[PDB]
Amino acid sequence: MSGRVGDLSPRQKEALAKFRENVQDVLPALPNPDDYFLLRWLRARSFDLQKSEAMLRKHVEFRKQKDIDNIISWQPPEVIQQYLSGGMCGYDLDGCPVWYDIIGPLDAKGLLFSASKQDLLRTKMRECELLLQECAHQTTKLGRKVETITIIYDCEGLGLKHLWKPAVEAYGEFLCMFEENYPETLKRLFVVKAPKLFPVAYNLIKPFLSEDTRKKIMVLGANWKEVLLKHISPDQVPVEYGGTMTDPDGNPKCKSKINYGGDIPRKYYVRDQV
C-alpha cells in the first residue's frame, strides 16, 4: 500500500506510531506535525525508523540554522529578486500548486558574480516554504490534504553556459537541500522544450536526486502543451505554456507571477571570480 494517511499497512501503521513516540520531543518545533507530515519522512526512508528519525532531526537543526519559521518575510537582494527566474503560477487539476522553472534565460554566472551562494540557496528555501504555504491554503480551500507540487521545467535555451562548473555545484547544493528538507513534496516535474544537451546536463545533477524524485521526472516531446493540459486546466496555465492565463495587463507570459531572468547588468557584480 501507498504509505499515505488512509492507506497504511499494519507494518506502516505500527512504524508511524513508534515514529511519533520517538520524535515527540522535537514536534513542538515543527509546523503542523500531523500524520501526513510524519509520513513524508517515513516514506523517504522506506519506514526505517532510525533513518527516518535521523533525517527529521537533521531537518530540525536546518530549520533553526536557517531561521525557516521567518523566511517567508525575507525578501532577497535586488539582483536575485529581479533576475532569478521562475515562479508560482496556477494550480493543477488536483489542486496542487504549480511552479515554473525557466532555465534558458537564467544568467547563472551573473548571479554567482552578484550574490552569495548562501543568499541564492536561501532564496530557493524560501520558494519551497512559499509552495508549502500554498499547499496548506489549498488544503483548507478544498477540504482535503494538498501537500505536493507540480513543476514545469522549461529547458528551452539550455546551453553550455549553464553547465559552468560553479553553477552546477551550487545547483547540486540546492538539490541536496531540497531532498533533505522537503521530502515527498514533488508530485511531478515536466521537462519541456529540452534541447540535445539535456541528457548530459541531467547526468550532471542525477547524483543529487533521490530515486523518488527521479521517478517523477517526465521529459516531454513536441506535444508538451497537450500533455500539460491533461494535468492542468487551461485557465491555470500561462498562454506562453499553452493555456489562457495572462497578467491583468494582458501579457501572455504572466510576468506578474513568473520571472523570466535575463542577463545581469554589471552594476550588480560584487566579485571578479568564483
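Residue numbers here begin at 1 and follow the sequence given.
When 156-164 is weighed against 68-76, 68-76 comes out higher, by mean CA B-factor as recorded in the entry. Annotation for 118-126 versus 137-145: the higher mean temperature factor (C-alpha) is found in 137-145.
Ranking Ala108, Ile103, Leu131, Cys96 by the C-alpha B-factor listed in the PDB entry places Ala108 at the top. Looking at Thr213, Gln236, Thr246, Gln50, the one whose CA carries the top B-factor in the deposited record is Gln50. When the modelled residues of the chain are ordered by their C-alpha B factor, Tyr202 lands in the highest third. When the modelled residues of the chain are ordered by C-alpha B-factor, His59 sits in the lowest third. In the PDB entry, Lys255 places in the middle third of its chain by CA B-factor. Sort the chain's modelled residues by C-alpha temperature factor and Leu39 lands in the lowest third, per the entry.
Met218 sits in the middle third of its chain by CA B factor, as recorded in the PDB entry.
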